[PDB]
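Student: One structure, pasted below without further comment.
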Amino acid sequence: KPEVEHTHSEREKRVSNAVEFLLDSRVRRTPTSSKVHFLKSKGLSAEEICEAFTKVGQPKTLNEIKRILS
């Protein structure tokens, strides 16, 4: 196949893992930093984490995510 993009199914599934994890009641009670650090360690990118957060009803900018990861 002509590789025009990256495997979006892989990205989509990573975001899926994040959205499910972020929407966890107990995780809703943990700090944002803990959420972000864990998702990153799950193989997600900052952009993907930013999206997953917005998916769970937490609109974070990419700047926040990179900041929290640094």
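Following the order of the structure tokens, first chain is A, next is B, and so on, with residues numbered from 1 inside each chain and ligands from 1 in the order they appear.
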Running DSSP on the backbone, which parts of chain A land in helix (DSSP H, G or I), as a ChimeraX atom specification?
Tutor: /A:8-22,25-29,32-41,46-55,62-69
Student: Near residue A:27, counting only C-alpha atoms, which residues have an atom at most 12 Å away, once you skip same-chain residues fewer than 4 positions from it, shown as a PDB file with N, CA, C and O atoms, in the first residue's frame?
Tutor:
ATOM      1  N   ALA A  18      -7.622   5.702  26.137  1.00  0.00           N
ATOM      2  CA  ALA A  18      -7.543   6.907  26.946  1.00  0.00           C
ATOM      3  C   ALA A  18      -8.924   7.392  27.346  1.00  0.00           C
ATOM      4  O   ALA A  18      -9.156   7.725  28.502  1.00  0.00           O
ATOM      5  N   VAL A  19      -9.841   7.413  26.391  1.00  0.00           N
ATOM      6  CA  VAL A  19     -11.197   7.881  26.644  1.00  0.00           C
ATOM      7  C   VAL A  19     -11.891   6.999  27.678  1.00  0.00           C
ATOM      8  O   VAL A  19     -12.586   7.498  28.562  1.00  0.00           O
ATOM      9  N   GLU A  20     -11.674   5.691  27.591  1.00  0.00           N
ATOM     10  CA  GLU A  20     -12.264   4.765  28.551  1.00  0.00           C
ATOM     11  C   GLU A  20     -11.632   4.941  29.936  1.00  0.00           C
ATOM     12  O   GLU A  20     -12.320   4.882  30.956  1.00  0.00           O
ATOM     13  N   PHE A  21     -10.320   5.173  29.958  1.00  0.00           N
ATOM     14  CA  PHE A  21      -9.581   5.330  31.205  1.00  0.00           C
ATOM     15  C   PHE A  21      -9.919   6.659  31.868  1.00  0.00           C
ATOM     16  O   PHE A  21     -10.127   6.727  33.075  1.00  0.00           O
ATOM     17  N   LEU A  22      -9.995   7.707  31.066  1.00  0.00           N
ATOM     18  CA  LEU A  22     -10.321   9.033  31.564  1.00  0.00           C
ATOM     19  C   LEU A  22     -11.759   9.093  32.068  1.00  0.00           C
ATOM     20  O   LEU A  22     -12.070   9.838  32.998  1.00  0.00           O
ATOM     21  N   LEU A  23     -12.636   8.300  31.466  1.00  0.00           N
ATOM     22  CA  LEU A  23     -14.040   8.292  31.855  1.00  0.00           C
ATOM     23  C   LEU A  23     -14.289   7.356  33.029  1.00  0.00           C
ATOM     24  O   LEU A  23     -15.432   7.156  33.437  1.00  0.00           O
ATOM     25  N   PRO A  31      -5.850  13.480  39.881  1.00  0.00           N
ATOM     26  CA  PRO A  31      -5.412  14.721  39.237  1.00  0.00           C
ATOM     27  C   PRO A  31      -5.129  14.531  37.749  1.00  0.00           C
ATOM     28  O   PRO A  31      -4.842  13.419  37.297  1.00  0.00           O
ATOM     29  N   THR A  32      -5.207  15.623  36.998  1.00  0.00           N
ATOM     30  CA  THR A  32      -5.006  15.590  35.556  1.00  0.00           C
ATOM     31  C   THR A  32      -3.615  15.066  35.212  1.00  0.00           C
ATOM     32  O   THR A  32      -3.442  14.312  34.255  1.00  0.00           O
ATOM     33  N   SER A  33      -2.638  15.453  36.022  1.00  0.00           N
ATOM     34  CA  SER A  33      -1.251  15.071  35.810  1.00  0.00           C
ATOM     35  C   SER A  33      -1.085  13.553  35.798  1.00  0.00           C
ATOM     36  O   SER A  33      -0.380  13.002  34.949  1.00  0.00           O
ATOM     37  N   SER A  34      -1.756  12.887  36.726  1.00  0.00           N
ATOM     38  CA  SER A  34      -1.705  11.444  36.826  1.00  0.00           C
ATOM     39  C   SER A  34      -2.300  10.787  35.588  1.00  0.00           C
ATOM     40  O   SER A  34      -1.750   9.816  35.062  1.00  0.00           O
ATOM     41  N   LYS A  35      -3.421  11.330  35.130  1.00  0.00           N
ATOM     42  CA  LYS A  35      -4.093  10.827  33.941  1.00  0.00           C
ATOM     43  C   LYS A  35      -3.176  10.941  32.728  1.00  0.00           C
ATOM     44  O   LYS A  35      -2.974   9.976  31.991  1.00  0.00           O
ATOM     45  N   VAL A  36      -2.602  12.125  32.556  1.00  0.00           N
ATOM     46  CA  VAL A  36      -1.789  12.425  31.378  1.00  0.00           C
ATOM     47  C   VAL A  36      -0.527  11.566  31.346  1.00  0.00           C
ATOM     48  O   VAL A  36      -0.169  11.001  30.309  1.00  0.00           O
ATOM     49  N   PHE A  38       0.021   8.696  32.724  1.00  0.00           N
ATOM     50  CA  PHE A  38      -0.291   7.290  32.515  1.00  0.00           C
ATOM     51  C   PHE A  38      -0.597   7.013  31.046  1.00  0.00           C
ATOM     52  O   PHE A  38      -0.094   6.048  30.470  1.00  0.00           O
ATOM     53  N   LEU A  39      -1.410   7.873  30.441  1.00  0.00           N
ATOM     54  CA  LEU A  39      -1.800   7.710  29.042  1.00  0.00           C
ATOM     55  C   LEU A  39      -0.588   7.780  28.125  1.00  0.00           C
ATOM     56  O   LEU A  39      -0.478   7.014  27.168  1.00  0.00           O
ATOM     57  N   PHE A  53      -8.944  13.569  26.152  1.00  0.00           N
ATOM     58  CA  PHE A  53      -9.452  14.426  27.209  1.00  0.00           C
ATOM     59  C   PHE A  53     -10.702  15.161  26.755  1.00  0.00           C
ATOM     60  O   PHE A  53     -11.707  15.194  27.460  1.00  0.00           O
ATOM     61  N   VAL A  56     -13.760  12.990  26.655  1.00  0.00           N
ATOM     62  CA  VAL A  56     -14.390  12.650  27.930  1.00  0.00           C
ATOM     63  C   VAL A  56     -15.033  13.872  28.584  1.00  0.00           C
ATOM     64  O   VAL A  56     -15.535  13.800  29.708  1.00  0.00           O
TER      65      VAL A  56
END
Student: Can you measure atom CA of residue A:52 to atom CA of residue A:64 for me? One decimal in Å is fine.
Tutor: 13.3 Å
Student: Under the rule that only C-alpha atoms are counted, which of A:9, A:16, A:25, A:3 is the nearest residue to residue A:51?
Tutor: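 The closest residue to residue A:51 is A:16.
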Student: Could you list, as a list in words, every residue within 12 Å of residue A:43, counting only C-alpha atoms and ignoring same-chain residues fewer than 6 positions away?
Tutor: residues 10, 11, 13, 14, 15, 17, 18, 36, 37 and 49 of chain A
Student: Take the residues from that selection and put them in a file with N, CA and C atoms, as a JSON list (two decimals), in the first residue's frame.
Tutor:
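Heads up, here's the output in out_24.json:
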[["chain", "number", "residue", "atom", "x", "y", "z"],
["A", 10, "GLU", "N", -4.66, 2.43, 14.81],
["A", 10, "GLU", "CA", -3.77, 2.30, 15.96],
["A", 10, "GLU", "C", -3.91, 3.53, 16.85],
["A", 11, "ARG", "N", -3.98, 4.70, 16.23],
["A", 11, "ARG", "CA", -4.20, 5.94, 16.95],
["A", 11, "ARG", "C", -5.59, 5.94, 17.59],
["A", 13, "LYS", "N", -7.44, 3.46, 18.45],
["A", 13, "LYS", "CA", -7.54, 2.50, 19.55],
["A", 13, "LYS", "C", -6.82, 3.01, 20.80],
["A", 14, "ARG", "N", -5.74, 3.77, 20.60],
["A", 14, "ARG", "CA", -5.03, 4.37, 21.72],
["A", 14, "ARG", "C", -5.89, 5.43, 22.38],
["A", 15, "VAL", "N", -6.53, 6.26, 21.56],
["A", 15, "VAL", "CA", -7.47, 7.25, 22.05],
["A", 15, "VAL", "C", -8.62, 6.56, 22.77],
["A", 17, "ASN", "N", -8.50, 3.75, 24.40],
["A", 17, "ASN", "CA", -7.97, 3.35, 25.70],
["A", 17, "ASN", "C", -7.93, 4.53, 26.66],
["A", 18, "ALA", "N", -7.62, 5.70, 26.14],
["A", 18, "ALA", "CA", -7.54, 6.91, 26.95],
["A", 18, "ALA", "C", -8.92, 7.39, 27.35],
["A", 36, "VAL", "N", -2.60, 12.13, 32.56],
["A", 36, "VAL", "CA", -1.79, 12.42, 31.38],
["A", 36, "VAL", "C", -0.53, 11.57, 31.35],
["A", 37, "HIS", "N", 0.13, 11.45, 32.49],
["A", 37, "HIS", "CA", 1.38, 10.70, 32.59],
["A", 37, "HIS", "C", 1.15, 9.22, 32.28],
["A", 49, "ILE", "N", -3.67, 12.36, 23.51],
["A", 49, "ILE", "CA", -4.12, 12.58, 24.88],
["A", 49, "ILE", "C", -5.04, 13.80, 24.94]]
Student: Take atom CA of residue A:29 and atom CA of residue A:67 and report the distance between them in Å, one decimal.
Tutor: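 Atom-to-atom, atom CA of residue A:29 and atom CA of residue A:67 are spaced 20.6 Å apart.
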